[PDB]
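Asks: The structure follows.
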Amino acid sequence: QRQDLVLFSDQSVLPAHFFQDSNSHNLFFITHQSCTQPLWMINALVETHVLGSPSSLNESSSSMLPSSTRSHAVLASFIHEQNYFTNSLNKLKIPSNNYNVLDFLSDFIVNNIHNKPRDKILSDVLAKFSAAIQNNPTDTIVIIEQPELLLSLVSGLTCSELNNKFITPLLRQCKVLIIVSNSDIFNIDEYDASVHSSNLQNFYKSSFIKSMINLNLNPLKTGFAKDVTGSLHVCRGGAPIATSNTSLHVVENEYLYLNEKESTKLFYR
Amino acid sequence: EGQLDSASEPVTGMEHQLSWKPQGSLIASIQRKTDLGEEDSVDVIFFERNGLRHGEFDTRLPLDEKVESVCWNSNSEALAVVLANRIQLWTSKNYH
Amino acid sequence: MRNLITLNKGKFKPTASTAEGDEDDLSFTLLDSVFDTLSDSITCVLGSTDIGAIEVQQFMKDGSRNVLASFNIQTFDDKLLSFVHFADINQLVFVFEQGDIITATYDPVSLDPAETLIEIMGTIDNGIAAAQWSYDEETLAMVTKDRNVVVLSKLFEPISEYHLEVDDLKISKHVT
Amino acid sequence: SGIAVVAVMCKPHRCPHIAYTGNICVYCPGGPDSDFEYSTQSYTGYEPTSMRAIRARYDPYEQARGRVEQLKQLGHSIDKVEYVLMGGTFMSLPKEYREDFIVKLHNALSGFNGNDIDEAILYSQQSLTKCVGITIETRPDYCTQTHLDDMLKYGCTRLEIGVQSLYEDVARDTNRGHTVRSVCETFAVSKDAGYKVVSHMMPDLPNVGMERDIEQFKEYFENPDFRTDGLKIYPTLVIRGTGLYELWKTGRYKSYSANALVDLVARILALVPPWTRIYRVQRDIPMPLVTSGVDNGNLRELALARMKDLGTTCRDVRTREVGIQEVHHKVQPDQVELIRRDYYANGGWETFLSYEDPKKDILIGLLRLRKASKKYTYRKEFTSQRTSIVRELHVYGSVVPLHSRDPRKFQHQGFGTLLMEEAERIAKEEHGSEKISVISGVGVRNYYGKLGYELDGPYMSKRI
Amino acid sequence: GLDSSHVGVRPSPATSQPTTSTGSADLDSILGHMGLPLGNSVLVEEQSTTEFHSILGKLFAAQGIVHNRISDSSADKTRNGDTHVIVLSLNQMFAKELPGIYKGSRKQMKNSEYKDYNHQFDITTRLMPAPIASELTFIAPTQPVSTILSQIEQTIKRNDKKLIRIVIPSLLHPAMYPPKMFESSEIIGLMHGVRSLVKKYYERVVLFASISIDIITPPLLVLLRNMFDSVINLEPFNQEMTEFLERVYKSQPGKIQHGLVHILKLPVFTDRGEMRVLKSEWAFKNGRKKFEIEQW
Amino acid sequence: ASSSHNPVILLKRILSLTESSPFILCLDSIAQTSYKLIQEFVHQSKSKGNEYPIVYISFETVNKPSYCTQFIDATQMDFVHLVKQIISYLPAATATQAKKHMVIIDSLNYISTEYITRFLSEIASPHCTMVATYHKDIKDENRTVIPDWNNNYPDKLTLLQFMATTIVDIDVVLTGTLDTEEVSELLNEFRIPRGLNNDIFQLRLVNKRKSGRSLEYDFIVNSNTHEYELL
Ligand code: SF4
């Protein structure tokens, strides 16, 4: 029943030579319907970057502690806190010391962003990663989680300023960037966000233009069943692949996935 | 949480062999029938979750055996019968 | 129309550990051997019940013998019913017939059992007829000799208790 | 063309299985004892056929003649009609009533005015407006060999024996007088006689869960005993006058929601073997008198949307039929092949032959063949040597256009001969038979008499 | 570590975690944990102008006071249970609105040892009497967010022993909340900081809130619904269905209901990737004793 | 005490002001204005043998009607003075349910939404009985909602519908050979076919009662013989 998870022509999810090529950049865009959460995919990405294989889906997860590995990993998010990241991701056993974890929720709201000039806020939030990645320059992967929420935090900010002040510098400085977000704004029944709420959707469209691969986790259609949870889509993003080899491209396939007790299963219709 | 759901239906000769089919259909147990006629044999009996009898099949063993445990495969294919010396594997196709 | 055929038939003998150079057995019989969770390991436990000594050691896929605990209980004639290991928090669970649930603690870097601690968490009086774990290693159900069944959590807290009775019979025949 | 279905009604009566259980089965609505009291059981008397039957005071001659003339006057011309009987248990009634009923039903079309049913059927064989069989409804307790001989003499071709469940508590708690296991021997004896057999099912019943509903259907389709040639699924709807409404009144009953039922139907339709014709998941109900349940007019209209979202769409006969002529010939079909399946069912081996398009899975023609066994046959025709029976011939391959160079002006008129000779080949080679027989309605006893089959008793047979 | 008092808590049958109880009859049953896990907030919603949910907004809070008031020389175990309930409203009528205990029965059977569990309640009976400011406090919402965020942290820090239960009665009611706070940044930052504080003290703090959605633009609702970890929606019947039920139901006054229940989000169950949305299956009813949720 | 009122009798009961709430909303358009509605109010209110003193607030009315006793014109003067002048002809006492000072408003389009509540929070006294009118078709001024990403505040219609205890709306029946589709087509062209501003109109009524529930009522109203019937 079970099927392998392949995302490239080289029969490998995350090619190693991507990290071996200098003067290059790449961007992944992941969208999940907010009735489900893509954590079980972030875990797989981190394991396959560090351990070199999907250590929860295709491989066993009994030695899942990538701490103090020759590689590196940096995760930052706004939706949750440092306490949740430590306690949970260590209960999920996501590494610590060869690893960086960044909160922007706990105690950050209380007059540390509020009632301060916007330019200083943007400069400092960029400098956090600009300084946290100086240690290991070329063997890290960085993922940001739902950054568009910050748009609603800053007093009167549009897509363009946030994008050109946060996203593009991050991808220029770092090798590869992964951005994950949710898409409820496009799923309000009998209401059009295109009336006056297009500012947020502009960010999604811009990111999809700039992205290289597009990962989609979407819920089932009309009803709810037991043996299947959701649908998994892989698509080619807007930007082309900045690699140096020529035969490389992206495989094109759709999966049906079930999640239960942190255990995920993928198969075909 | 430790509540009661149902209690089994009394049958004659039911031994201490208890095992559940992983798919979730039938309880497997061992019965010995020593009554008159030629019906006397050693059988395997299946019990629904409501404590109601359903299905049966006889082993061709002599009536003097002593079976220790009955094992369901990790899937719904193999049934392992455990004896003192021999261990037997049974599987079904077309309900036979 | 298919048939079943045999591919492999492997075997070995768990070698009991003693300080002697020849290092033969001490009438140590194995009580339980398990399938470890796909980590190329087989955790076995042996012992001598009359003197009251037990030993748990992992057999590696290559064949390297590693001992994590070898401890002697003060009492004897205490037969086991279920031993498991979580392999994520790295503890050990033993179920004895007298009523003691044994919780052992070990470290990965400690090759020798010198740092394996023991805990004798709350006893169940009047012995225990049987006990069993679930597939997910979360629910601990057991039955005492006095027709009382108790369900405990994964952290040794009581989910519930209930007195099994011959007078309880949900008959399949009511005349309504 | 001109296939016609003309339903008739029998006089009201009482099925005797009430006698040893006390009342009608719980789900049966209406009846003589109910307030209606001029109506056969399982029918409220408010159907159009009920109206046409009442005004004729339940007479077969008038009902048949009136329905035939109405259909002819509407704009269709009829030359092929199949009768279907309804209501209670027709076989319970005394001897003379059934004989007179059948003789009247045949003399309505034949134009004959005699008696001595043998002569009536003999004249009906040589008549215009041919009859293509009868459909008699009967219970397991009345399918003994004498009754089977009666039905064979009458001219019936297919039965429909309901089971309604496979569990054993349901039989006693629904006040239905037969153990489940006896239906298997009923099927075994019936099939060896050449009678196509169809059953009934009802998903929701008291003290039945969604699980048990699932694996009862799974066991029905998998077990080599419950393999039959048709099915009917009746979702449980609660009429006020039934014994089901009392349970809801006392609070001893509750039904399923809409989502649960649509999911159940979606799962069920994804398991049908490709030789069984799902008749009606969207059955016909007395609408306003139902008090509990859900709407059933478009269950499959949503189940199809469900299979399009989960995959593995239906594979029954009905969805794959192309018809006699130009139903879906708006597009030229694809590769045509012969597909032959074999299965073990009710103590015997049976073969299903079909002419199908494998790329898009449509159906053009089919044939069924059975190798007679030795532990169930009793007829003096089948107890003399080995023999095989063609239970059903079905040729929608009367299609004029086709794929892969259809006959120009011969237009598949010899298409059925292909299947007939194909059947004879394996009858001579594989079965090793010494006689082959085909069962058919009396009106079509000549489309088989040209290929060499000769008449013996109610059968069309030829040796090897 | 530090000292802590849990006013009442049992292991979660579903995942072996500390779980409190709202005091409800079937709402605690449908939360998946047979209760509310220690740390995850909840949300309940009503379609129309009715005020059914208001009743629930009382029960929870009252339960805590009981769980604190039946320990002072009224519980032989004298078990350490302390709560300091905080209410954010511009009207103080709640200070004299807690419903009365029916007969007690805080049994759970079917740091200290916590056996306390739900009580028996009835709506007609008022409480006897009501807590003093030392047990329960009111904060007006119209003050600037800086003062509120400082004061909540001060209250929790200065009362480290106590268990924390917070209730927000009818958040975003136009009769008390001015348009100058309907601006997008204000409320979302307020709740973002509230979630920060709540999960910071994950051991014992629990929060509860409810709003009205008929007068809220969908974008703000979407922004808000990701802040919490559980969403329950109550939709009352139309007039026609009510008249149909009353015309059909002639032998039962108690079988009359008011509407149905929809499940949009659950506790930790959902964060492991579980599709838990389930709508148009349950039915709610307000009653003389408690709040009933049954199948329809 | 009377309860479970006859729907026509209940319609009279509200129209006779046997019951009373500190806020009543009435809606009108350019197809049927509400002068005859006030006529019905005074016809079925003072027929009980009651005076019902009336205070008038005008934003669109030009002349002093016969209904009102006192007078105040609010076009020249503004909010900060109307909050004063409203109390001058309105005592702060109890009992809306009976003969008190009834404050009537002809139009509510010309007050900023940002201060709708600040207004209404200081008028609906337990002696005060408020009734107001709103023009449905007239589009709200673009500077009342601020359609930017900051302002999540609702519009004017929903705010009034959520706040008012009881809602009454009216529409004109076209006795002619036309259809309301053609009437809308011509009105979108700003054309008036013959048959508008009649006297036999249709009405829609909603009252919030029983802890918040509501029931919609429809009738047929003749404003000459004062005939209320079912539709
Ligand atoms: S056997 Fe048929 S006719 Fe008799 S009670 Fe049952 S359903 Fe009705």
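Shown for chain D, in order and in Swiss-Prot numbering: 94-557.
If you check the header, you will see the structure was determined by electron microscopy, 4.3 Å.
Every residue gets a Cβ built from N, Cα and C, even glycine.
Among the features that Swiss-Prot reports, [4Fe-4S] cluster binding site is placed at D:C108, D:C118, D:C121, with the record citing experimental evidence. Positions annotated as acetyl-CoA binding site by Swiss-Prot, on the basis of similarity to another entry: D:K173, D:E485, D:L486, D:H487, D:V488, D:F508, D:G509, D:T510, D:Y541. As annotated by Swiss-Prot, domain 'N-acetyltransferase' applies to D:405-557. The annotation ubiquitin cross-link is assigned in Swiss-Prot to D:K453 on the grounds of experimental evidence.
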Asks: How long is the line from the C-alpha of D:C121 ([4Fe-4S] cluster binding site) to the C-alpha of D:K173 (acetyl-CoA binding site), rounded to the nearest angstrom?
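Replies: Here the two Cα atoms lie 33 Å apart.
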Asks: If I restrict to non-local contacts, at least six residues apart, and a C-beta distance under 8 angstroms, what lies near D:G509 (acetyl-CoA binding site) in its own chain?
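Replies: For D:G509 (acetyl-CoA binding site), the qualifying residues are D:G458, D:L486, D:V488, D:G490.
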Asks: Around D:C118 ([4Fe-4S] cluster binding site), which of the listed recorded positions (D:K173, D:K453, D:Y541) come within 10 Å, judging by Cα atoms?
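Replies: The recorded positions passing the 10 Å Cα test: none.
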Asks: With the [4Fe-4S] cluster site defined by D:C108, D:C118, D:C121, which remaining residues of that chain have Cβ atoms positioned within 8 Å of the Cβ centroid?
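Replies: Surrounding the site, in chain order, are D:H110, D:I111, D:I117, D:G124, D:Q134, D:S135, D:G181, D:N268, D:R269.
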Asks: For a Cβ distance below 6 Å to any atom of ligand 1, name the binding-site residues from D:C108, D:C118, D:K173, D:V488, D:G509 that qualify, or say none.
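Replies: Among D:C108, D:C118, D:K173, D:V488, D:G509, near ligand 1: D:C108, D:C118.
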Asks: Counting Cβ neighbours within 10 Å across all chains shown, tell me which of the binding-site residues D:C118, D:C121, D:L486, D:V488 comes out on top.
Replies: D:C121
Asks: D:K453 (ubiquitin cross-link) to D:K173 (acetyl-CoA binding site): how many Å between their Cα atoms?
Replies: 31
Asks: Give the sequence-ordered list of residues that share a chain with D:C108 ([4Fe-4S] cluster binding site), lie 6 or more positions from it, and have CB atoms under 8 Å from its CB.
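Replies: Listed in sequence order, they are D:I117, D:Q134, D:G181, D:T182, D:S185, D:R232.
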Asks: To see if you understand the setup: which same-chain residues, six or more apart in sequence, place their Cβ under 8 Å from that of D:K173 (acetyl-CoA binding site)?
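Replies: Once residues fewer than 6 apart are set aside, D:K173 (acetyl-CoA binding site) is near D:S94, D:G95, D:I96, D:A97, D:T222, D:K223, D:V225, D:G536.
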Asks: Over the residue list D:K173, D:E485, D:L486, D:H487, D:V488, D:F508, D:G509, D:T510, D:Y541, recorded for acetyl-CoA, what is the maximum interresidue Cα distance in Å?
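Replies: Taking every pair of listed residues, the largest Cα separation comes to 21 Å.
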Asks: Where does D:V488 (acetyl-CoA binding site) sit by DSSP, helix, strand or coil?
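Replies: In the DSSP reduction, D:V488 (acetyl-CoA binding site) maps to strand.
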Asks: Give the number of CB atoms, excluding that of the residue listed as 'ubiquitin cross-link' itself, located within 10 Å of its CB.
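Replies: For the residue listed as 'ubiquitin cross-link', the 10 Å Cβ neighbour count is 11.
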Asks: How many neighbouring Cβ atoms, not counting its own, are there within 10 Å of the Cβ of D:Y541 (acetyl-CoA binding site)?
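Replies: The answer is 19.
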Asks: How would DSSP class D:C108 ([4Fe-4S] cluster binding site) in three states?
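Replies: For D:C108 ([4Fe-4S] cluster binding site) - judged by DSSP and reduced to three states - the answer is coil.
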Asks: Specify the secondary structure state of D:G509 (acetyl-CoA binding site) as given by DSSP, simplified to three classes.
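Replies: Note: D:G509 (acetyl-CoA binding site) is helical by DSSP.
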